[PDB]
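Heads up: the structure comes next, in structure tokens.
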């Protein structure tokens with residue numbers, strides 16, 4: 008096997024968001040079929056179990072989105088996990104290969120190209136050119152390694168990390184993209200799983216273009232609901248007293264931003280940025296006030312609240328990294344071949360795209376993956392009855408923008424033999440355990456992690472107030 012020495016843990020710098028934790032890297036081969044070839048260093052962050060008598064092993068935590076550093080989940084989990092989980096597990100997060108602190112890639116993409124997923128198009132021809140230019144730039148700069156940026160290669164890295172940690176059976180928690188990494192790792196290596204929690208569950212049948220199409224459906228429906236919520240708040244927002252009037256104001260605002268970016272605290276906010284910010288805020292009903300605030304401010308030429316501004320600054324300001332967009336490109340284009348027929352995209356722009364107009368065209372048109380210059384290395388992972396994980400708990404919000412609840416139900420079908428599902432009804436949220444703070448969900452998931460017992464049948468919990 009590829010050599011996996013025990014990690015060289017050191018205190019995290021107090022110049023990092025990981026202050027207070029421990030850091031190390033694990034070597035992995037770029038090509039797992041060529042262990043004598045080039046390697047990279049995968050960054051880890053650890054919060055050691057608080058209680059030696061309660062410690063049962065390691066809770067490995069994957070990234071929640073391609074390109075998003077999974078090490079940064081560790082502080083969030085220290086903040087929000089039930090205390091007994093933090094007593095019983097070393098929490099170890101990682102930055103997946105070619106992201107974060109794990110050999111991040113830089114390809115000369117401009118900020119507009121960083122938003123290739125959500126980029127608002129003009130027509131099929133211009134968008135094909137825009138999306139192909141992203142691919143060209145990335146392969147020119149990183150074409151030697153991009154073919155090795157896939158979900159299955161990340162899963163292989165997870166198993167090297169497990170071996171380096173010295174755990175024959177390791178536990179796992181992953182959210183969103185991390186749910187998919189966990190599922191893939193269990194399908195490839197599940198005899199090495201202890202307890203596994205997958206939260207906000209990607210539908211395997213959606214990998215990946217269908218997920219984009221579903222984003223447009225989910226966004227449209229959520230925006231229709233938010234427009235009603237905003238119409239009831241015309242006193243404070245002055246956006247209209249019925250949902251069509253509110254939506255027309257937002258559409259006109261976003262169209263203006265498509266033609267000339269809106270200055271917001273000195274940041275040029277174009278339509279792609281505004282619609283992405285909108286979708287993110289829509290995904291949590293606790294954030295709907297931020298959305299009312301930015302739309303009110305931008306429509307009326309007034310100032311948004313400082314907290315709203317700081318949310319835009321966090322999303323698009325100094326901390327935004329090109330490397331995340333390149334990581335998204337590799338995973339989302341590389342895991343499966345996208346349709347190559349331009350007529351598919353023409354059809355779907357006029358159909359799906361027009362039926363879901365807020366982001367439908369951005370989702371349905373000729374994305375980068377259509378132009379990918381290498382074949383798929385491997386089939387997409389097939390989850391099924393041969394999965395060797397002893398047990399998997401699925402946790403899912405009933406109303407989840409980014410990973411609709413149908414995906415958790417699909418996972419519960421594909422992995423019928425070893426899964427149980429906990430659904431949080433009444434929640435409008437993405438990433439539930441533990442960040443939403445629901446006592447019922449958090450205690451059910453903690454009890455599974457600490458005792459290994461799945462609930463007797465799938466459970467629907469009612470979101471506490």
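In the deposited numbering, the protein residues as written are 8 to 472.
Beta carbons: idealized from backbone N, C-alpha and C, even for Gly.
So for residue i, helix, strand or coil by DSSP?
i	result
residue 161	helix
residue 114	coil
residue 263	helix
residue 328	coil
residue 79	helix
residue 300	helix
residue 178	strand
residue 310	coil
residue 44	coil
residue 12	coil
residue 446	helix
residue 201	strand
residue 58	coil
residue 318	helix
residue 472	coil
residue 193	helix
residue 23	coil
residue 87	helix
residue 154	helix
residue 166	helix
residue 74	coil
residue 323	helix
residue 188	helix
residue 339	helix
residue 440	coil
residue 457	helix
Check whether the Cβ atoms of residue i and residue j sit closer than 8 Å, and answer yes or no.
i	j	result
residue 389	residue 343	no
residue 472	residue 434	no
residue 311	residue 271	yes
residue 373	residue 134	yes
residue 122	residue 280	yes
residue 338	residue 76	no
residue 465	residue 428	yes
residue 24	residue 79	yes
residue 422	residue 448	no
residue 6	residue 177	The chain is shown from 8 up to 472; residue 6 falls before or after that span and cannot be answered.
residue 30	residue 11	no
residue 50	residue 101	yes
residue 356	residue 131	yes
residue 398	residue 203	yes
residue 249	residue 414	no
residue 410	residue 191	no
residue 247	residue 256	yes
residue 419	residue 197	no
residue 290	residue 437	yes
residue 46	residue 341	no
residue 106	residue 334	yes
residue 361	residue 336	no
residue 371	residue 346	no
Determine which residues share a DSSP beta bridge with residue i and list them.
i	result
residue 7	This structure leaves residue 7 out entirely; the chain is present only between 8 and 472.
residue 30	17, 52
residue 206	182, 402
residue 346	Answer by DSSP bridge pairing: none, since residue 346 is not bridged.
residue 467	430
residue 96	64
residue 36	46
residue 435	406
residue 212	The partner list for residue 212 (beta bridge, DSSP) is empty, contrary to what the question assumes.
residue 109	106
Taking 8 Å as the threshold, find out whether the segment 392-406 comes into contact with the segment 245-261 through three or more Cβ pairs.
Touching, no.
Per the contact definition of three or more C-beta pairs closer than 8 Å, is the segment 112-128 in contact with the segment 139-148?
Result yes; three or more Cβ-Cβ pairs closer than 8 Å.
Between the segment 165-176 and the segment 349-361, do at least 3 Cβ pairs fall closer than 8 Å?
Too few Cβ pairs lie closer than 8 Å, so no.
Which full runs of the beta strand (DSSP E) of 3+ residues lie inside the segment 357-426, going along the chain?
Taken in chain order, the complete beta strand (DSSP E) segments of 3 residues or longer contained in the segment 357-426 are 399-406.
Looking at C-beta atoms only, is the number of pairs between the segment 364-376 and the segment 223-230 that lie closer than 8 Å three or more?
Three or more Cβ pairs drawn from the segment 364-376 and the segment 223-230 lie within less than 8 Å of each other, which places the two stretches in contact.
Within the chosen definition, does the segment 27-43 reach the segment 156-168 through at least 3 CB pairs nearer than 8 Å?
Cβ pair count under 8 Å is three or more, so yes.
Determine, using beta-carbon pairs with one atom in the segment 56-70 and one in the segment 10-25, whether at least three such pairs fall under 8 Å.
Taking 8 Å as the limit for Cβ pairs, the verdict is that the segment 10-25 does not touch the segment 56-70.
If we count Cβ pairs, one from each stretch, closer than 8 Å, do we get three or more for the segment 233-248 versus the segment 284-300?
Because the criterion of three Cβ pairs below 8 Å is met, the segment 233-248 and the segment 284-300 touch.
Quick one: which unbroken alpha helix (DSSP H) runs of 4-plus residues sit fully inside the segment 222-291? Chain order, please.
If we require 4 residues or more, the alpha helix (DSSP H) runs fully inside the segment 222-291 come out as 241-244, 250-266, 278-289.
For the segment 90-104 against the segment 47-61, are there 3 or more C-beta pairs whose distance is under 8 Å?
The segment 90-104 and the segment 47-61 touch, with no fewer than 3 CB-CB distances between them shorter than 8 Å.
Which parts of the segment 123-147 are runs of the beta strand (DSSP E), unbroken and 3 residues or longer, counting only runs that do not cross its ends?
When DSSP assignments are scanned along the segment 123-147, no uninterrupted stretch of beta strand (DSSP E) that is 3 or more residues long falls wholly within it.
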